[PDB]
Amino acid sequence: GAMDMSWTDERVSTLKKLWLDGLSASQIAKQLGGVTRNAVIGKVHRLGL
């Protein structure tokens, strides 16, 4: 099966807060777990942040 984590409401809320807080995509990926820096960047892009 695929190992990609779903962008649950909680994971999105966490990403959004941390991004607005000024954390790097690397740091956010580390805190979310199971997702890469580049995948975080892509999600930030899709969220319009």
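Here is what the cut-offs are and how they apply
Residues numbered from 1 in each chain as written, not as in the entry; some residues may be left out. Heavy atoms only, no water. Helix = DSSP H or I, 4+ residues; strand = E, 2+ residues; numbered from the N terminus. Buried < 20%, exposed > 50% of the residue type's maximum accessible area, 1.4 Å probe, protein only. Contact = heavy atoms within 4.5 Å. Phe/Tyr/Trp six-rings, centres within 6.5 Å; stacked < 30°, edge-to-face > 60°. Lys NZ or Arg CZ within 6 Å of the ring centre and 35° of its normal. Expected span 1.5 Å × (residues − 1). Arc of directions from axis to C-beta.

Method of determination, as given in the entry header: X-ray crystallography; reported resolution: 1.420 Å.

Asks: Looking at this model, I keep getting lost on the overall build of the chain. Mind explaining?
Replies: Assigned secondary structure in the chain consists of 3 helices and 0 strands. In terms of its C-alpha atoms, the chain occupies a principal-axis envelope of roughly 35 × 20 × 15 Å. A buried classification covers 27% of the 49 residues belonging to the chain. Across the chain, every contact between residues at least 6 apart in sequence was considered, and the portion connecting residues at least 24 apart equals 48%.

Asks: Explain the packing of aromatic side chains to me, please; I cannot follow it from the model alone.
Replies: Aromatic rings considered in pairs are described by the distance between their centres and by the relative angle of their planes. The tally for this structure, following the rule as stated, stands at 0 aromatic pairs. Directly above the aromatic system of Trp-7 lies the positively charged group of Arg-11, at a separation of 6.0 Å from the ring centroid.

Asks: Quick question: what am I supposed to make of helix α1 (residues 9-21) here?
Replies: Given 3.6 residues per helical turn, the α-helix brings residues three or four places apart onto the same face. The end-to-end C-alpha separation of α1 is 18 Å, in line with the 18 Å expected for 13 residues at 1.5 Å each. Of all the residues in α1, the buried ones are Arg-11, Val-12, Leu-15 and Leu-18. When α1 is viewed along its axis, its buried side chains cluster within an angular range of 140° and face the same direction. The exposed residues of α1 that point more than 90 degrees off its buried face are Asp-9, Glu-10, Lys-17, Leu-20 and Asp-21.

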